[PDB]
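Before any questions on binding or motion, here is one chain by itself as structure tokens, the form deposited in one PDB entry.
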């Protein structure tokens, strides 16, 4: 079992190309000090065809009950597993089809492509304020000033929350210590419980309140599932979109001609966003899946009960599927990326994220069109996360 080091967190693509050149399935381990999944042997899947097939393979399950066996090797206590604690992870993504359907139906109509379009005025409003609210300095740290607040402000609008989230999701996704993520985990179930009582005591009109009604009036939901669904909607949408803005901006700042070509022609913005998603996927990996029977990935047999990690970044930079996979081309044919997954678990917030990215980048080209990176591209570091691909900071100069 190959042990993955920090150098993998910094250039995972180089490791994937190495591994994919030899095969499609490789037994790996995350460093021992990764807070929850550290030291746990899994199969890393490299390769578009193999990753895209594996995502929708009926023999690979995301069930929390099945993945319990993986996490129990580190922490037997089901509620001490971070964002994989049962009080927070018992949602649609960690369920199989009979219950996945029910859970997704509670909220699918509110994340529809048509539904999300109605929010364009509010999102544009928030984007304009956020970039007007920050200082005028040589380094701005666009990640913390702009990239983090935008999705959480939008998500809070959809789930009824007025104006701590940034630090919490950072501890969950990229925690310094197991204690740091365990601390954030406890604080989240505490906060989510308080928020649910706030909805019961004073009913309102939003997704969260509608979810509370579905639990009490209609019994469509369980109490654990209700809390976990709130967590999934809250955290699930936040870390993803911030790194899209961050990862896309970095790559744009490294290829200024493509950045200006966007400023010149805005019709390329939708396709450019998908190219950011392909090149630097906010999630390098999908959730852990369990093999419910023996199956063969590539040329290697995966025994029943083993656990599998799908490298979405590896699939999105596979030369058999994408030409010049490591080069940013905003004019590249669009479609085919697996940044949102594939199969029944295809991201429900995909329409919302796409609109968020389009508005934020479009304003960023209108305002501060001459902004540039404040450091050398190579001194930028990436955070330590099993699934997330995001930067520690993104200093820029605007003028």
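Numbering follows the first chain given and starts at 1. Basically, rigid core = biggest C-alpha set you can superpose within 1.5 Å across the two forms.
Omitted from view is the form deposited in another entry, to which the following refers.
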item: Core-superposed comparison between this form and the one not shown: the option from 181, 240, 247, 316 whose CA moves 2 angstroms or more; value: 181
item: Core-superposed C-alpha of residue 225 shifting 2 Å or more between this form and the one not shown; value: yes
item: Core superposition between this form and the one not shown, C-alpha change of residue 287 at least 2 Å; value: no
item: Shift of residue 128 between this form and the one not shown at or above 2 Å (CA, core fit); value: no
item: Cα distance between residue 173 and residue 302, which in the other form differs by 3 Å or more from this form, closer or farther; value: farther
item: Distance direction in the other form for the C-alpha atoms of residue 384 and residue 187, relative to the displayed form (3 angstroms or more); value: farther
